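Novice:
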Amino acid sequence: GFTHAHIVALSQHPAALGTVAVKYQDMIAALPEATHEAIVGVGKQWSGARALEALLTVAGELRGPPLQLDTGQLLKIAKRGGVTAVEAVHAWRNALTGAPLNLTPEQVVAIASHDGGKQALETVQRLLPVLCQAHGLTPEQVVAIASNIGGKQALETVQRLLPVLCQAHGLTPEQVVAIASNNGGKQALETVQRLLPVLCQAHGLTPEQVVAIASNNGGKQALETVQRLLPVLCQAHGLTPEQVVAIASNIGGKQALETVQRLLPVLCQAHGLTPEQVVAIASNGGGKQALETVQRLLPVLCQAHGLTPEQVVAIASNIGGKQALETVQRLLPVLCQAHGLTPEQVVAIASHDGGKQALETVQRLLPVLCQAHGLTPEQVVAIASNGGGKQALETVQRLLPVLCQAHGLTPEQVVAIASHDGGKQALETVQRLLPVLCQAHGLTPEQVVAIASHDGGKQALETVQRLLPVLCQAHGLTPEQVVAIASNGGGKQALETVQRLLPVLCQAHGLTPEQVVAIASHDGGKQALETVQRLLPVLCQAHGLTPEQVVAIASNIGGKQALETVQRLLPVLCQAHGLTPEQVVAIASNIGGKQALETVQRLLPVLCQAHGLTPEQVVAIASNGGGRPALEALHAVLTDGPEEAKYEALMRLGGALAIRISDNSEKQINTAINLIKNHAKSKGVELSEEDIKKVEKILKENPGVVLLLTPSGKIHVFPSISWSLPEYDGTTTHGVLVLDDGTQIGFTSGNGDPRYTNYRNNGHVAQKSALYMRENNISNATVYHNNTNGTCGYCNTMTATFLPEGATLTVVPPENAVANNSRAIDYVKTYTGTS
DNA sequence: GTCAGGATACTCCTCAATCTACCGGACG
DNA sequence: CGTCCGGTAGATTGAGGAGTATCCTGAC
Ligand SMILES: [Zn+2]
Numbered sequence: 010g011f012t013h014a015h016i017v018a019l020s021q022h023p024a025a026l027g028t029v030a031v032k033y034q035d036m037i038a039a040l041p042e043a044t045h046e047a048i049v050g051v052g053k054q055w056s057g058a059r060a061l062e063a064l065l066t067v068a069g070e071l072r073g074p075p076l077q078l079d080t081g082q083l084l085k086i087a088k089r090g091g092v093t094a095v096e097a098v099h100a101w102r103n104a105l106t107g108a109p110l111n112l113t114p115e116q117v118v119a120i121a122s123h124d125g126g127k128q129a130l131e132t133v134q135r136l137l138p139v140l141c142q143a144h145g146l147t148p149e150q151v152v153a154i155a156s157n158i159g160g161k162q163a164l165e166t167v168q169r170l171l172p173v174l175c176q177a178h179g180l181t182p183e184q185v186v187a188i189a190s191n192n193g194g195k196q197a198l199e200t201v202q203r204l205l206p207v208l209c210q211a212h213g214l215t216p217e218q219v220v221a222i223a224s225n226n227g228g229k230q231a232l233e234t235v236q237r238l239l240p241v242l243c244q245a246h247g248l249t250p251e252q253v254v255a256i257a258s259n260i261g262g263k264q265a266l267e268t269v270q271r272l273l274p275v276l277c278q279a280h281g282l283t284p285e286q287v288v289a290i291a292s293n294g295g296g297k298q299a300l301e302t303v304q305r306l307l308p309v310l311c312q313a314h315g316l317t318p319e320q321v322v323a324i325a326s327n328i329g330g331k332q333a334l335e336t337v338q339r340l341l342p343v344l345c346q347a348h349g350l351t352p353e354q355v356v357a358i359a360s361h362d363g364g365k366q367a368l369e370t371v372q373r374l375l376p377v378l379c380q381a382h383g384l385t386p387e388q389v390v391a392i393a394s395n396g397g398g399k400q401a402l403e404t405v406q407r408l409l410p411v412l413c414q415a416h417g418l419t420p421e422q423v424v425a426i427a428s429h430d431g432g433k434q435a436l437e438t439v440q441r442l443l444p445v446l447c448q449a450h451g452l453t454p455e456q457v458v459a460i461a462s463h464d465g466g467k468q469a470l471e472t473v474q475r476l477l478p479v480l481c482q483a484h485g486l487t488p489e490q491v492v493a494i495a496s497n498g499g500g501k502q503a504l505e506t507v508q509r510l511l512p513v514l515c516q517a518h519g520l521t522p523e524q525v526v527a528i529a530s531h532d533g534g535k536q537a538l539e540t541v542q543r544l545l546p547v548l549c550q551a552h553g554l555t556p557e558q559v560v561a562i563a564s565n566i567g568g569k570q571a572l573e574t575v576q577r578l579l580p581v582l583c584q585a586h587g588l589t590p591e592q593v594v595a596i597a598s599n600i601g602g603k604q605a606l607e608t609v610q611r612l613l614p615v616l617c618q619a620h621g622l623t624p625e626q627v628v629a630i631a632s633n634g635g636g637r638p639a640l641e642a643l644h645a646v647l648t649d650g651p652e653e654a655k656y657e658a659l660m661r662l663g664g665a666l667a668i669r670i671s672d673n674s675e676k677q678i679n680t681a682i683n684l685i686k687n688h689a690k691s692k693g694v695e696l697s698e699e700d701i702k703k704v705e706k707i708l709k710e711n712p713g714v715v716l717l718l719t720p721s722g723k724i725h726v727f728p729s730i731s732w733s734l735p736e737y738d739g740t741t742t743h744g745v746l747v748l749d750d751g752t753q754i755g756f757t758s759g760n761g762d763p764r765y766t767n768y769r770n771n772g773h774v775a776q777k778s779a780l781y782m783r784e785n786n787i788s789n790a791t792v793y794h795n796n797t798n799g800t801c802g803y804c805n806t807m808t809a810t811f812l813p814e815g816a817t818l819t820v821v822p823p824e825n826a827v828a829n830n831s832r833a834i835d836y837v838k839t840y841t842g843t844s
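If you number the first sequence the way this note's numbering does, the last residue is 844 and the count never jumps.
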């Protein structure tokens with residue numbers, strides 16, 4: 010039974026049609042459990058009929074002990090390699106395996122399943138000892154080189170001119186193997202050998218960049234195109250050579266470069282696309298197709314489908330962006346008006362590699378997954394919004410009942426496992442390994458699910474299964490420690506690195522095994538461990554850092570980057586910026602500490618001088634997580650923005666006194682001068698006669714001005730912002746303290762007294778007012794605050810503790826305030842200090 | 001019958017940022 | 001019973017770079 014479509018597809022090779030029509034029963038007898046798709050795939054090739062005949066003749070012998078080839082392997086060899094490859098495999102069963110070559114049957118299948126794989130097999134047989142002995146090449150590397158179309162030519166060219174690149178050009182064997190491990194690797198290798206000095210000297214290209222260009226399929230064309238078009242794109246189009254290298258470092262990079270040259274003016278002057286966006290679109294595999302599709306479909310997808318150009322760029326910035334864009338154009342109304350998906354969900358689904366497949370699979374499987382399995386559409390969208398999401402969706406549809414029934418997993422656990430790149434592999438690995446891990450090693454299903462949730466969870470699960478009996482016995486590690494190490498992105502690498510490096514780190518550098526486990530329990534923990542091993546003596550000896558400080562720096566997600574940045578920037582920050590090593594270590598000991606350190610180095614002079622941000626304030630701002638965005642936002646709001654916005658941004662730094670004396674009132678001016686002098690003395694900074702005269706001039710010149718004394722000493726002056734309290738934003742509460750004379754003092758919630766940290770009313774506006782009255786000896790005051798929830802119970806009860814003996818503070822909430830609970834208050838209240 | 005170049009899809013590993021979730025100490 | 005408070009630890013959320021894999025077309 011053959012489908013008419015199958016016959017139409019197979020009609021490419023009429024001899025295969027005759028062979029299938031005549032001896033199909035023999036085909037299925039020699040190859041049991043062979044699907045029709047495999048048969049039509051094998052037959053339709055250039056030698057389908059003869060390959061099928063040879064497979065029928067040989068499959069009775071190729072299943073022998075030397076190879077034990079599966080039916081699928083035989084079908085793949087016959088479909089890809091051809092009849093010649095099958096005959097060569099049959100004729101050299103004894104020579105390939107169990108020989109000095111020492112090739113496993115999988116390697117033989119991988120080598121032979123290529124166009125002209127018989128020649129590759131013959132060449133690898135003839136040259137394996139030569140490259141393994143003289144050139145010192147691993148058999149894995151030789152197999153990888155020979156497992157490509159035209160692998161014989163690449164292997165011969167490597168054997169001929171590996172030393173020429175190793176000595177006369179300084180190219181390591183790994184780089185040459187990477188260059189020659191692609192289709193037509195002989196051409197790329199010869200092109201590198203001919204053009205490396207020219208590109209490195211005349212065009213100023215690093216050999217790493219040239220190798221990166223050539224390490225792709227058809228890299229000779231990319232190299233020649235870079236040589237020809239570097240000046241044109243660098244000068245006439247204003248493109249950085251690194252951008253050109255990034256464009257040309259993909260498969261078909263010559264096409265991308267030519268398309269960029271031809272379409273940059275059009276996309277930049279007729280569609281409003283920035284050159285950075287064009288470069289981002291073209292910096293992916295098949296970028297010429299993506300650029301042409303964007304040029305054709307931007308008006309259609311923007312005017313009609315209501316998609317912003319940024320969404321179209323994000324969709325088109327992936328591999329196969331043409332397919333994703335066409336699929337979005339075709340299926341946006343279908344997926345929106347029928348399946349209920351919002352357009353942003355469709356864009357999120359389509360914004361990955363193979364987004365067309367994900368979109369089609371979502372369209373096909375959303376009712377099935379939502380109705381038969383009870384999955385929420387948000388869960389299906391979350392599964393699909395990943396690389397290879399079609400495979401994950403199909404695997405979920407196949408394995409949800411068995412995983413939720415046999416192993417007792419909940420559907421939420423399965424969805425969490427499958428919501429990552431390669432979630433199909435993780436799901437299959439879980440379904441295969443959970444009984445083994447749980448019954449033998451004692452792991453609980455929750456631990457297995459936690460291990461398998463992250464990216465590459467199949468590798469982590471296999472590594473855990475292989476290494477737990479070794480790590481937990483030889484190195485004395487608790488199974489919880491092993492699970493914690495493995496439950497991270499790239500946890501296989503961290504597990505192997507720990508197994509290799511725990512003894513040397515625990516005897517030479519003296520680190521505790523707990524410290525090693527803490528270092529290795531983060532993303533990229535292998536790199537952090539290697540960096541610790543390399544840099545611990547250097548940092549501890551030259552820079553005077555204790556091992557605990559280095560461990561604290563490295564125990565983060567970017568520990569390697571933070572350690573390298575500390576090594577680079579400790580002296581320059583210490584001597585040219587006046588920062589103690591403790592502050593540098595505190596900045597570096599956070600997620601993304603490299604960015605924080607670089608931002609501190611960049612912005613310390615401007616913040617400390619132009620704005621007067623005491624270095625301690627900058628260090629405290631950067632010492633928290635997200636130091637780079639916080640510093641950037643503070644600098645941006647300081648350089649330009651509403652005066653009120655800068656006012657709050659500089660209240661939130663702490664230690665600043667805002668005063669808004671009213672009228673001229675010379676007595677009132679002297680009182681304000683006394684208050685600002687007292688605050689400056691408390692901060693240990695003397696304003697001196699010039700600043701005192703300037704501030705009197707400012708107060709006597711502009712009515713309604715507000716003064717702001719920074720702890721550094723700078724007196725910010727805002728001529729006019731507001732005479733009324735700003736609207737409550739829900740996070741920061743503002744207050745104004747009014748004395749008898751009339752001067753107003755601005756207060757902001759938070760940044761409470763460090764001495765009274767144990768009090769539950771620290772940082773509150775009423776507490777701050779009471780503390781100010783106590784320090785400045787003010788008998789009577791009224792504080793108006795803007796919080797609509799009213800004064801909390803803490804300040805209701807504990808305010809009188811801070812007020813001086815025989816004082817009075819009147820708290821006033823806004824008129825429209827409503828109490829948020831029973832303990833709060835909602836009216837003006839007078840507090841008298843006690844003894 | 002091989003060899004080369006291009007397009008597309010899937011899987012794995014680092015890095016950076018933000019988001020919860022508790023935890024702590026004194027007064028009517 | 002009451003945080004306009006911070007600190008610590010853990011968990012998502014997102015992006016980017018790299019590796020692996022297959023298939024199709026064109027040319028001798
Ligand atoms: Zn309060």
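All C-beta atoms, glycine included, are put in the ideal place defined by N, C-alpha and C.
Just to confirm, are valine 173 and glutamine 196 a CB contact at a threshold of 8 Å?
Specialist: No, Cβ-Cβ distance for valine 173 and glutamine 196 is not below 8 Å.
Novice: So, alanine 597 versus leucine 606, is the Cβ gap smaller than 8 Å?
Specialist: Closer than 8 Å, so yes.
Novice: I need the straight-line Cα distance from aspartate 35 to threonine 93, nearest angstrom please.
Specialist: So the alpha carbons of these two residues sit roughly 21 Å apart.
Novice: With 16 as the cutoff for other CB atoms within 10 Å, does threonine 268 come out buried or exposed?
Specialist: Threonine 268 is buried by the Cβ-count criterion.
Novice: Among all residues, which have a Cβ less than 5 Å from at least one non-hydrogen atom of ligand 1, and in what chain order do they fall?
Specialist: After applying the 5 Å Cβ criterion, the set is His773, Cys801 and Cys804.
Novice: Apply the 10 Å Cβ neighbour rule to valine 593 and answer buried if 16 or more other Cβ atoms are within range, or exposed otherwise.
Specialist: Per the 10 Å Cβ criterion, buried.
Novice: Classify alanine 143: buried if its beta carbon has 16 or more other beta carbons within 10 angstroms, exposed otherwise.
Specialist: Counting Cβ neighbours within 10 Å, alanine 143 comes out exposed, since fewer than 16 surround it.
Novice: Below 8 Å CB to CB, which residues in the same chain sit around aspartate 464 once its five sequence neighbours on both sides are set aside?
Specialist: Result list for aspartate 464: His429, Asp430, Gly431, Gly498 and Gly499, in chain order.
Novice: Secondary structure at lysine 703, three-state DSSP: helix, strand or coil?
Specialist: It is helical.
Novice: Between which two residues does the alpha helix (DSSP H) carrying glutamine 618 extend?
Specialist: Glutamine 618 -> no alpha helix (DSSP H), and no H or E assigned at all.
Novice: What is the DSSP secondary structure of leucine 476, reduced to helix, strand or coil?
Specialist: Residue state, collapsed to three classes: helix.
Novice: Run the CB neighbour count on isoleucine 16, radius 10 Å, all protein chains shown included, and call it buried at 16 or more, exposed below.
Specialist: It is exposed - the Cβ of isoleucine 16 has fewer than 16 other Cβ atoms within 10 Å.
Novice: Can you tell me whether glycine 193 is helix, strand or coil according to DSSP?
Specialist: Coil.
Novice: How about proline 23 and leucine 78: do their beta carbons lie closer than 8 Å?
Specialist: The answer is no: Cβ separation not under 8 Å.
Novice: Between which two residues does the alpha helix (DSSP H) harbouring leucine 130 extend?
Specialist: Looking at the DSSP string, the run of the alpha helix (DSSP H) that includes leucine 130 is 126-142.
Novice: Where does the unbroken alpha helix (DSSP H) through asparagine 687 begin, and where does it stop?
Specialist: Unbroken alpha helix (DSSP H) run through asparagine 687: 675-692.
Novice: Could you check which residue in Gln524, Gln406, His484 and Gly417 has the C-alpha nearest to that of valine 457?
Specialist: Per the Cα distances, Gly417.
Novice: To the nearest angstrom, report how far apart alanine 654 and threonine 623 are at their CA atoms.
Specialist: One C-alpha to the other measures close to 20 Å.
Novice: Considering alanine 790, what are the terminal residues of the beta strand (DSSP E) in which it resides?
Specialist: Looking at the DSSP string, the run of the beta strand (DSSP E) that includes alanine 790 is 789-794.
Novice: Output the boundary residues of the beta strand (DSSP E) element that contains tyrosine 840.
Specialist: Where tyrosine 840 is concerned, the enclosing beta strand (DSSP E) stretches over 838-841.
Novice: Answer yes or no: do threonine 438 and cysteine 447 have a C-beta to C-beta separation smaller than 8 Å?
Specialist: Cβ atoms of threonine 438 and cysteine 447: not closer than 8 Å.
Novice: What residue range is occupied by the uninterrupted beta strand (DSSP E) comprising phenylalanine 811?
Specialist: Note, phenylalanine 811: premise wrong, no beta strand (DSSP E); alpha helix (DSSP H) at 802-811.
Novice: Can you tell which of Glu403, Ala537 and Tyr840 has its C-alpha closest to the C-alpha of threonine 370?
Specialist: Answer by Cα proximity: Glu403.
Novice: Name the one or two DSSP bridge partners that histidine 725 has.
Specialist: In DSSP, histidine 725 forms a bridge with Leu717.
Novice: Confirm, please, whether the CB-CB distance from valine 525 to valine 507 is below 8 Å.
Specialist: Yes, the pair counts as a contact, with Cβ atoms nearer than the cut-off.
Novice: Provide the residue span of the beta strand (DSSP E) that contains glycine 744, from first to last.
Specialist: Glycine 744 -> beta strand (DSSP E) spans 743-747.
Novice: If I measure Cβ to Cβ from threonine 719 and keep anything under 6 Å in the same chain, skipping five residues before and after, which residues do I get?
Specialist: Closer than 6 Å at the Cβ level, and outside the excluded window around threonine 719, lie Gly621 and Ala665.
Novice: State the Cα-Cα distance for the pair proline 556 and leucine 548, rounded to the nearest angstrom.
Specialist: Going by the C-alpha atoms only, they are around 9 Å apart.
Novice: Who are the near neighbours of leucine 612 in its chain, counting only those whose CB is closer than 7 Å to its CB and skipping five residues on each side?
Specialist: Within the same chain, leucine 612 has close Cβ partners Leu640 and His644.
Novice: Could you give the C-beta distance for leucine 110 and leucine 136, rounded to a whole number, given that I count them as a contact under 8 Å?
Specialist: About 10 Å; that fails the 8 Å criterion.
Novice: Along the beta strand (DSSP E) that carries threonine 757, what are the first and last residues, could you check?
Specialist: Start and end: 753-757.
Novice: Evaluate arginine 89 with the Cβ neighbour count: other Cβ atoms within 10 Å of its Cβ, from every protein chain shown; 16 or more gives buried, anything less gives exposed.
Specialist: Buried, since its Cβ has 16 or more Cβ neighbours within 10 Å.
Novice: Take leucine 130 as the anchor and find which of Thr147, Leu164, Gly107 and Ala667 has the nearest alpha-carbon.
Specialist: The option with the nearest alpha carbon to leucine 130 is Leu164.
Novice: Ends of the beta strand (DSSP E) at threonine 283?
Specialist: Where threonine 283 is concerned, there is no enclosing beta strand (DSSP E), given that its DSSP letter is neither H nor E.
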